[PDB]
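All remarks here apply to the structure that follows.
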Amino acid sequence: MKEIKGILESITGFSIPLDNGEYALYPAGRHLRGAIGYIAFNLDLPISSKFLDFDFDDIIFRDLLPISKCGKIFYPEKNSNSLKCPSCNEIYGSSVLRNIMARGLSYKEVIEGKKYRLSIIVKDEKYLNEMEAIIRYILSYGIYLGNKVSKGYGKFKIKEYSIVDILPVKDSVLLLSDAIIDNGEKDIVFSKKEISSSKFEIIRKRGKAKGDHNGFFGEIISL
Amino acid sequence: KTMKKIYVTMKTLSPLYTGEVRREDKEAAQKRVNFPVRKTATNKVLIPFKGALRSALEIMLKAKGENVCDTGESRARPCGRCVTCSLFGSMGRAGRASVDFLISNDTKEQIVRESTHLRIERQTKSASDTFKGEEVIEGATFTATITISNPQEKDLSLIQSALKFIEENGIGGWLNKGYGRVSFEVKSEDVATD
Amino acid sequence: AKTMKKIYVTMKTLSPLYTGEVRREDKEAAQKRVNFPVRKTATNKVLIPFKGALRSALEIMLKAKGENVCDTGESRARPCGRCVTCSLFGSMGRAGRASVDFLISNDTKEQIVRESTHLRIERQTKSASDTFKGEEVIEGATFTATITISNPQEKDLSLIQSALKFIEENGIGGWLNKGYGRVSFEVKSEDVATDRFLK
Ligand SMILES: [Zn+2]
Ligand SMILES: [Zn+2]
C-alpha cells in the first residue's frame with residue numbers, strides 16, 4: 001500500500017456538468033481514473049487493461065476535493081453544496097462556478113488557480129511502479145480532467161509527488177464521496193467511454209450522499 | 001505507442017483581442033470596458049486554439065481539393081473520415097490532437113491594456129459612438145501544447161501550415177480590423193514509454 | 001474560395017502624421033510630457049487604423065456615385081449585408097472579405113516620432129494663448145499594411161485603389177484639416193491561392 005499524495009493546481013478551469021443543470025465544484029475520482037486511463041493506454045502502460053473494469057480497487061483513485069489555506073482538505077457538509085474546512089472555517093461554495101456563454105454554447109466552469117488533493121491509494125505495490133510512471137507523465141505534461149479536454153479545459157498540474165505509504169485507517173465511515181451503497185438515495189451517474197469499441201455507456205448507480213470500512217467512490221474519514 | 005508533443009510559442013505582432021466568455025467576469029467588467037479580454041483567474045490571458053487550427057486546415061484542405069468537413073456552419077455534425085476529423089475530432093470519435101488554450105506567460109496589467117475604439121460619422125468626420133475594449137500588447141508571449149496521439153506523419157506538417165494560416169489570417173477577434181496578427185514557433189518532440 | 005487577392009500597401013508620409021494613442025495606460029503615462037501621444041506598439045512602432053479609412057472612403061465615394069451603400073458611421077446605424085462595402089468590409093451578420101491589417105511602420109518611434117509645439121494664438125493681440133505638445137510621425141516614414149480579400153470577387157482591387165486615392169487626397173489619422181496625414185500609397189497586389197502553405 002504505497003499511496004501517491006499531492007496537491008494539484010488547476011492551470012485552466014474545468015467543467016463538470018452533472019445533472020439537472022448543477023455542476024461539480026471540484027473534480028471527482030471518476031475523472032481521475034478516466035484521465036489516468038487514457039494516459040496509460042496512450043503510453044501502452046500495462047495497467048490500462050484493469051482500468052477498463054470499473055469494479056476494481058487495486059488502485060483506488062479518490063477524488064480531487066480541494067485543499068485550503070488551513071492545509072487540511074475541504075470536506076462535504078451535511079446536505080450542502082459547500083465544503084467548510086475541518087480546521088479553520090472557510091467554505092469552498094458555488095462561488096467558484098461561472099456561467100460561460102461562448103459561440104452559442106452555454107456551459108458552466110470552475111475558476112482556475114485553486115489547490116486540490118491528489119490521493120491514489122495503491123493497495124498492492126505490484127502496480128506502484130506503473131503508478132510512478134503515470135505520475136511522471138502528470139508531473140511533466142499535465143493532466144486534463146473534465147469536459148472539452150481536446151479544447152484545452154481542465155488543465156491540472158501536480159505540484160508535489162509525495163509517495164507515502166498509508167494504512168486503511170478503517171476505525172468507525174464518514175462517506176467523503178457520495179457512494180452507491182446498494183439502493184441509497186442520491187443518484188450517481190458514471191461512464192465507461194471505451195476506445196476500440198466506440199462504446200459510451202451512461203451508467204447509473206443510486207446511493208448515499210457525502211456529508212454523513214473494508215480498507216479505505218466510497219471514501220471514509222475518521223469520526 | 002507514439003504521441004506527438006508540439007509545444008507552440010506565440011508572439012503577438014499586432015494587438016490581440018479574444019472576448020471574455022465568463023458571464024460574471026464579463027459583467028464585472030462591463031462597467032469599465034465593453035469588450036474585456038478573456039482572462040484566467042490567475043490573471044493570465046487565454047486564447048482558444050483548437051477552433052482556429054481546425055478552421056484553418058478545413059479551409060486550406062478544402063481549397064486544395066481534399067474532402068474535409070466544413071464545421072464553420074450550423075451543421076452540428078462532422079463525418080468520421082475527414083482529414084481534420086481524424087485530427088481535430090468527430091462527433092463519434094475523439095481527436096488525435098488535444099489542442100490546449102494559448103495561455104500567456106505574463107499576467108494582465110502587463111499584457112492587457114484598455115483601449116478606445118470609435119465610430120466616425122462619414123459626413124461630420126467626427127465620433128458618433130465611442131467604446132472601450134481591452135487588448136493584448138505586441139510582443140506578448142503565449143504558449144500552448146498540441147498533443148497529437150497516434151501520429152500520422154503528415155499531422156505535424158498540417159499543424160504547422162495551419163499555424164502559417166493563423167499567422168496570415170489571425171487568432172482571436174476583430175481580425176478584419178488588423179487585430180491578432182501573430183507569429184508561432186514549433187519545437188516538437190515524440191514522447192514514448194518513460 | 002480557392003484564391004485570395006493579397007494587396008500589399010506601402011504608404012509614405014508626405015506631411016506630418018498624427019493618429020492618437022488609444023491605450024489609456026500608454027496615453028496617461030504620456031500626458032506628463034506630451035499632451036497628444038501617437039498610437040504606438042509595445043514594439044515601439046506606430047500603428048494607424050486602416051480598415052475604417054478604406055470603408056469611409058468607399059462609402060462616401062459610392063454614395064456620391066449613385067450606388068446604394070449603407071452608412072456604418074452614424075449612431076445606431078446598422079450595416080445592410082447587400083451593399084458592396086458590406087461585402088468587402090462586412091455586416092453584423094456575414095463577416096468582411098477584406099482583412100485589412102494595421103498600417104505598421106517600418107521604423108521605430110525614436111526615428112519617426114517627434115514631439116512638437118502647437119499653439120493657440122489670440123486673434124486680437126497676436127500672441128500665444130495656449131501651448132501644447134503633440135507627437136507626430138515625420139514626413140518620409142514608410143508604413144506597410146496587407147489587405148487580404150477572401151472570395152476575390154473582381155472589382156476588389158479597383159475599389160481598394162480608388163479608396164486609397166481618396167485617402168491620399170483626404171488623409172489618414174487625425175488633425176486632417178490642418179495639413180496632417182497627407183500620404184502616398186503604393187499597391188503591389190497578387191492572387192496567391194488559399195492552399196499555399198500546405199506542404
Ligand atoms: Zn479553514
Ligand atoms: Zn452596405
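If you're wondering about the labels, chains in the C-alpha cells are A, B, ... by order shown, residues count from 1 in each chain, ligands from 1 in order shown.
With only C-alpha atoms and all ligand atoms as the atoms that count, the set of residues no farther than 6 Å from ligand 2 is residues 69, 70, 79, 80, 81, 82, 83, 84, 85 and 86 of chain C.
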Could you write out the selected residues, including N, CA and C atoms, as a tab-separated table (two decimals), in the first residue's frame?
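File produced: part-v6.tsv:
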chain	number	residue	atom	x	y	z
C	69	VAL	N	-25.14	52.25	-50.94
C	69	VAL	CA	-24.28	51.77	-49.87
C	69	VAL	C	-24.84	52.23	-48.53
C	70	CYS	N	-24.58	51.43	-47.51
C	70	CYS	CA	-25.00	51.74	-46.15
C	70	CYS	C	-24.02	52.70	-45.50
C	79	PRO	N	-25.26	48.02	-40.60
C	79	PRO	CA	-24.96	47.67	-41.99
C	79	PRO	C	-26.12	46.95	-42.68
C	80	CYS	N	-26.02	46.78	-43.99
C	80	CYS	CA	-27.10	46.20	-44.78
C	80	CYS	C	-26.88	44.73	-45.10
C	81	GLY	N	-25.67	44.35	-45.48
C	81	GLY	CA	-25.41	43.00	-45.94
C	81	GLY	C	-25.87	42.78	-47.36
C	82	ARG	N	-25.99	43.87	-48.12
C	82	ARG	CA	-26.34	43.78	-49.54
C	82	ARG	C	-25.51	44.75	-50.36
C	83	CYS	N	-24.85	45.70	-49.69
C	83	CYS	CA	-24.01	46.65	-50.38
C	83	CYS	C	-22.66	46.02	-50.70
C	84	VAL	N	-21.85	46.74	-51.47
C	84	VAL	CA	-20.54	46.24	-51.83
C	84	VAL	C	-19.51	46.54	-50.74
C	85	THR	N	-19.72	47.60	-49.95
C	85	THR	CA	-18.92	47.79	-48.74
C	85	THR	C	-19.32	46.83	-47.63
C	86	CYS	N	-20.57	46.35	-47.62
C	86	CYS	CA	-20.97	45.29	-46.72
C	86	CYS	C	-20.45	43.93	-47.14
Test item: residues lying within 12 Å of ligand 1 with only C-alpha atoms and all ligand atoms, as number ranges by chain: A: 66-75, 83-92
Only N, CA, C and O atoms, please: the residues just picked out, written as a PDB file, in the first residue's frame.
ATOM      1  N   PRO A  66     -10.857  19.861  -2.596  1.00  0.00           N
ATOM      2  CA  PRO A  66      -9.869  20.948  -2.555  1.00  0.00           C
ATOM      3  C   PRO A  66      -9.164  21.064  -1.213  1.00  0.00           C
ATOM      4  O   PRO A  66      -9.724  20.732  -0.167  1.00  0.00           O
ATOM      5  N   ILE A  67      -7.925  21.556  -1.248  1.00  0.00           N
ATOM      6  CA  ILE A  67      -7.196  21.915  -0.035  1.00  0.00           C
ATOM      7  C   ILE A  67      -7.234  23.428   0.114  1.00  0.00           C
ATOM      8  O   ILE A  67      -7.402  24.165  -0.868  1.00  0.00           O
ATOM      9  N   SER A  68      -7.058  23.893   1.346  1.00  0.00           N
ATOM     10  CA  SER A  68      -7.225  25.297   1.675  1.00  0.00           C
ATOM     11  C   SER A  68      -5.943  25.913   2.214  1.00  0.00           C
ATOM     12  O   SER A  68      -4.877  25.297   2.254  1.00  0.00           O
ATOM     13  N   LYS A  69      -6.076  27.166   2.657  1.00  0.00           N
ATOM     14  CA  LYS A  69      -5.068  27.802   3.494  1.00  0.00           C
ATOM     15  C   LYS A  69      -4.993  27.184   4.886  1.00  0.00           C
ATOM     16  O   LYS A  69      -3.994  27.382   5.582  1.00  0.00           O
ATOM     17  N   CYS A  70      -6.025  26.450   5.316  1.00  0.00           N
ATOM     18  CA  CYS A  70      -5.946  25.667   6.541  1.00  0.00           C
ATOM     19  C   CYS A  70      -5.323  24.281   6.325  1.00  0.00           C
ATOM     20  O   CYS A  70      -5.362  23.446   7.237  1.00  0.00           O
ATOM     21  N   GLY A  71      -4.714  24.036   5.161  1.00  0.00           N
ATOM     22  CA  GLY A  71      -3.898  22.856   4.943  1.00  0.00           C
ATOM     23  C   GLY A  71      -4.700  21.598   4.705  1.00  0.00           C
ATOM     24  O   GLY A  71      -4.598  20.978   3.641  1.00  0.00           O
ATOM     25  N   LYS A  72      -5.465  21.202   5.728  1.00  0.00           N
ATOM     26  CA  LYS A  72      -6.445  20.129   5.663  1.00  0.00           C
ATOM     27  C   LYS A  72      -7.418  20.346   4.512  1.00  0.00           C
ATOM     28  O   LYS A  72      -7.858  21.475   4.268  1.00  0.00           O
ATOM     29  N   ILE A  73      -7.683  19.259   3.777  1.00  0.00           N
ATOM     30  CA  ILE A  73      -8.620  19.227   2.657  1.00  0.00           C
ATOM     31  C   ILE A  73      -9.998  19.718   3.111  1.00  0.00           C
ATOM     32  O   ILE A  73     -10.402  19.478   4.251  1.00  0.00           O
ATOM     33  N   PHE A  74     -10.713  20.442   2.230  1.00  0.00           N
ATOM     34  CA  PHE A  74     -12.119  20.799   2.463  1.00  0.00           C
ATOM     35  C   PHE A  74     -12.949  19.527   2.573  1.00  0.00           C
ATOM     36  O   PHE A  74     -12.592  18.549   1.930  1.00  0.00           O
ATOM     37  N   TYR A  75     -14.074  19.513   3.306  1.00  0.00           N
ATOM     38  CA  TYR A  75     -14.877  18.269   3.449  1.00  0.00           C
ATOM     39  C   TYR A  75     -16.367  18.509   3.244  1.00  0.00           C
ATOM     40  O   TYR A  75     -16.883  19.536   3.702  1.00  0.00           O
ATOM     41  N   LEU A  83     -18.349  23.134   1.258  1.00  0.00           N
ATOM     42  CA  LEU A  83     -17.438  22.144   1.825  1.00  0.00           C
ATOM     43  C   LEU A  83     -16.564  22.665   2.972  1.00  0.00           C
ATOM     44  O   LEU A  83     -15.378  22.373   2.995  1.00  0.00           O
ATOM     45  N   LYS A  84     -17.172  23.435   3.883  1.00  0.00           N
ATOM     46  CA  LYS A  84     -16.444  24.047   5.030  1.00  0.00           C
ATOM     47  C   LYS A  84     -15.232  23.215   5.452  1.00  0.00           C
ATOM     48  O   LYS A  84     -15.370  21.982   5.579  1.00  0.00           O
ATOM     49  N   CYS A  85     -14.099  23.872   5.690  1.00  0.00           N
ATOM     50  CA  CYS A  85     -12.867  23.140   6.075  1.00  0.00           C
ATOM     51  C   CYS A  85     -13.020  22.585   7.492  1.00  0.00           C
ATOM     52  O   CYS A  85     -13.726  23.209   8.303  1.00  0.00           O
ATOM     53  N   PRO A  86     -12.404  21.427   7.829  1.00  0.00           N
ATOM     54  CA  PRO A  86     -12.435  20.920   9.198  1.00  0.00           C
ATOM     55  C   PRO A  86     -11.685  21.963  10.031  1.00  0.00           C
ATOM     56  O   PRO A  86     -12.338  22.770  10.672  1.00  0.00           O
ATOM     57  N   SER A  87     -10.350  21.938   9.993  1.00  0.00           N
ATOM     58  CA  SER A  87      -9.584  23.009  10.681  1.00  0.00           C
ATOM     59  C   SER A  87      -9.952  24.336  10.018  1.00  0.00           C
ATOM     60  O   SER A  87     -10.204  24.322   8.797  1.00  0.00           O
ATOM     61  N   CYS A  88     -10.007  25.427  10.786  1.00  0.00           N
ATOM     62  CA  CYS A  88     -10.434  26.738  10.229  1.00  0.00           C
ATOM     63  C   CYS A  88     -11.907  26.643   9.829  1.00  0.00           C
ATOM     64  O   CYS A  88     -12.498  25.561  10.012  1.00  0.00           O
ATOM     65  N   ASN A  89     -12.472  27.731   9.296  1.00  0.00           N
ATOM     66  CA  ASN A  89     -13.912  27.735   8.925  1.00  0.00           C
ATOM     67  C   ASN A  89     -14.107  28.492   7.609  1.00  0.00           C
ATOM     68  O   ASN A  89     -14.785  29.537   7.630  1.00  0.00           O
ATOM     69  N   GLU A  90     -13.545  27.979   6.510  1.00  0.00           N
ATOM     70  CA  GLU A  90     -13.730  28.609   5.206  1.00  0.00           C
ATOM     71  C   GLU A  90     -14.497  27.650   4.307  1.00  0.00           C
ATOM     72  O   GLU A  90     -14.263  26.440   4.351  1.00  0.00           O
ATOM     73  N   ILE A  91     -15.406  28.188   3.500  1.00  0.00           N
ATOM     74  CA  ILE A  91     -16.210  27.366   2.608  1.00  0.00           C
ATOM     75  C   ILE A  91     -15.642  27.433   1.196  1.00  0.00           C
ATOM     76  O   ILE A  91     -15.019  28.418   0.792  1.00  0.00           O
ATOM     77  N   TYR A  92     -15.846  26.353   0.436  1.00  0.00           N
ATOM     78  CA  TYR A  92     -15.491  26.362  -0.980  1.00  0.00           C
ATOM     79  C   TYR A  92     -16.608  26.976  -1.812  1.00  0.00           C
ATOM     80  O   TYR A  92     -16.375  27.909  -2.588  1.00  0.00           O
TER      81      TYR A  92
END
Using only C-alpha atoms, which residues of chain B come within 7 Å of chain C, and what is the closest atom pair for each, with the distance in Å to one decimal? Give it as a Markdown table, sorted by chain and residue number.
| residue | atom | partner | partner_atom | distance |
| --- | --- | --- | --- | --- |
| B:60 | CA | C:195 | CA | 4.7 |
| B:61 | CA | C:195 | CA | 6.7 |
| B:63 | CA | C:2 | CA | 5.0 |
| B:64 | CA | C:195 | CA | 5.2 |
| B:113 | CA | C:23 | CA | 6.1 |
| B:114 | CA | C:23 | CA | 5.7 |
| B:115 | CA | C:23 | CA | 4.4 |
| B:116 | CA | C:22 | CA | 4.8 |
| B:119 | CA | C:73 | CA | 5.6 |
| B:120 | CA | C:73 | CA | 5.1 |
| B:121 | CA | C:73 | CA | 4.3 |
| B:122 | CA | C:73 | CA | 5.6 |
| B:128 | CA | C:75 | CA | 5.2 |
| B:129 | CA | C:75 | CA | 6.0 |
| B:137 | CA | C:42 | CA | 6.1 |
| B:138 | CA | C:42 | CA | 5.3 |
| B:139 | CA | C:43 | CA | 6.4 |
| B:157 | CA | C:199 | CA | 6.9 |
| B:158 | CA | C:198 | CA | 6.9 |
| B:161 | CA | C:197 | CA | 5.3 |
| B:164 | CA | C:197 | CA | 6.7 |
| B:175 | CA | C:99 | CA | 6.5 |
| B:176 | CA | C:99 | CA | 3.9 |
| B:177 | CA | C:100 | CA | 5.7 |
| B:178 | CA | C:101 | CA | 3.7 |
Distance of atom CA of residue A:145 from atom CA of residue A:206, expressed in Å to one decimal place: 23.4 Å
Proximal residues of chain B relative to chain A (only C-alpha atoms; 9 Å) as a count of residues only: 40
Strand (DSSP E or B) call set, DSSP backbone run, chain A, as JSON, numbers by chain: {"A": [2, 3, 4, 5, 6, 7, 8, 9, 10, 14, 17, 18, 19, 22, 23, 59, 60, 61, 66, 67, 73, 97, 98, 99, 100, 101, 102, 105, 106, 107, 108, 109, 110, 115, 116, 117, 118, 119, 120, 121, 122, 143, 144, 155, 156, 157, 158, 162, 163, 164, 165, 186, 189, 194, 199, 204, 207]}
